[PDB]
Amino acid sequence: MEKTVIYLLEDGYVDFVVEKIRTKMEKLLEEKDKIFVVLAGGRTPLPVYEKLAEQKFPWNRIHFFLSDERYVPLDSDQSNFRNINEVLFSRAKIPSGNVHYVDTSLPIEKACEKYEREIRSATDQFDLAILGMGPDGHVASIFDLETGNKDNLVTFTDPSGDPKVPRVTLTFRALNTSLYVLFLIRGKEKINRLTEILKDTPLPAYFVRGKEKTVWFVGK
């Protein structure tokens, strides 16, 4: 059945997480020809991607999707695409067509719709989602429950978060098509958020679950 698993790590956080994601992707690749993985930006996931890019994977069989994007230029240090491209997309030799991101050069709604069409065309279900969670409990760029509950795979927001800029984000519906959802969080503040989630506090992250499993890698 489907449930949630929480790992509390005291040491070697990044290496542990990398090994777990590595094993899972290896297993997935033994089962299917192509796998689709969603990636969140942020300071905790980046180091992990940096190491994953060094692994010998058949990159042409792995497709990546950003979980969300800040509506700013793609070469901005505030761009999730720029940051993930720096540690992964431009380091691992992943075919250009296998990488999907939000085209912020377009009007925000058009960037949303283009991204949604791309996602639907590539797959009807994600295999793995590697997500982070803010100290406020938000996931991807879902700060308000209304945003997460949008009846689309992709939606956009008014200026939100920090940086306080408009965002384009996958919805709860899109994220929940993931077979496995992995949350990567570190620190007392986020541990506080997770405990509130354990007590059924409806923070955004509380609503994202994998169809098979949801795993939290916690760096206490």
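Just count from 1 along the sequence shown to find any residue number.
- Here the stretch with the larger average CA B-factor, out of 147-155 and 160-168, is 160-168.
- Averaged over their C-alpha atoms, the temperature factors of 22-30 and 46-54 are higher for 22-30.
- Among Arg120, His138, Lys110, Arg91, the highest C-alpha B-factor recorded in the PDB entry belongs to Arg91.
- For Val14, the recorded CA temperature factor ranks within the highest third of the chain's modelled residues.
- Among the modelled residues of the chain, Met1 sits in the highest third by CA temperature factor in this PDB entry.
- In this PDB entry, the Cα temperature factor of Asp103 sits in the bottom third of its chain's modelled residues, the lowest group.
- Among all modelled residues in this chain, the alpha-carbon of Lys188 has a temperature factor (C-alpha) in the highest third.
- Among the modelled residues of the chain, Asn83 sits in the middle third by CA temperature factor in this PDB entry.
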